[PDB]
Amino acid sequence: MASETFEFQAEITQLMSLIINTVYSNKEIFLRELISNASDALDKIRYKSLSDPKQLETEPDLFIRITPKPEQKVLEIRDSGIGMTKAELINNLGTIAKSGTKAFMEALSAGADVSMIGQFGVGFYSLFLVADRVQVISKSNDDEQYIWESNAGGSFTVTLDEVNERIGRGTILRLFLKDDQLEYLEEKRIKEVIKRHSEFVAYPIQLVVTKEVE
């Protein structure tokens, strides 16, 4: 109840406009970047749990889950990783500069391939290749569940979560797919994209598929 608006650090706004507007051919790379963030987030909690085992109690199962929601033309990528607090969502996703933000844009301009985005540490923004709106729902052991939302505009919002399912711990990336990128809602397409660019992932990757009983 009651949002909170924040301005995006100027360069992040540029990058976003760039990503969401590049005619780029190979938009499927966004899944690789998101699954990668999910994996690192899971490494984080695993490592932290080394000296603080109780930390995994909020969600003992470590996994990455992709859930397509046709009716709402939404694609969700979830992980039971370390999660983010209200402060971290604000920091990590928009108000703090980000080292490679400008460097990547400069590299892109020089001819670099969009797929290099992840090497600049800003792969998250690659989601705008297939979605024009996103909701990052997170729950860290250190805070409540919050929704961070953006549509590539110069500003984003953070609202305490009182509308989504409770996630024990972790993050959900709710991607509102563009009208021409609804192929990522299909199991085959998803399955194949995950196969080629994500072969060495330490955690199970679950695909949630809704099938009408024969």
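The first residue of the shown sequence is 1; numbering continues from there. Basically, rigid core = biggest C-alpha set you can superpose within 1.5 Å across the two forms.
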Requested in this report: Going by root mean square C-alpha distance after a core fit, say whether 97-105 or 68-76 is farther from the shown form in 6 other deposited structures of this protein.
Outcome: 97-105
Requested in this report: Would you determine, from the values in the PDB entry, which of 14-22 and 201-209 has the greater average C-alpha temperature factor?
Outcome: 14-22
Query - Stretch with the higher entry mean CA B-factor, where the candidates are 163-171 and 66-74 - result: 66-74
Query - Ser49 by Cα B-factor - lowest, middle or highest third of the modelled chain - result: middle
Query raised in the report: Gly118's Cα B-factor: lowest, middle or highest third of the chain?
Result: lowest
Requested in this report: Name the third of the chain's ranked CA B-factors that contains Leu127, choosing lowest, middle or highest.
Outcome: lowest
Query raised in the report: What third of its chain's C-alpha B-factors does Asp43 belong to: lowest, middle or highest?
Result: lowest
**Report entry** Assigned third (lowest, middle, highest) for the C-alpha B factor of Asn37
**Finding:** lowest
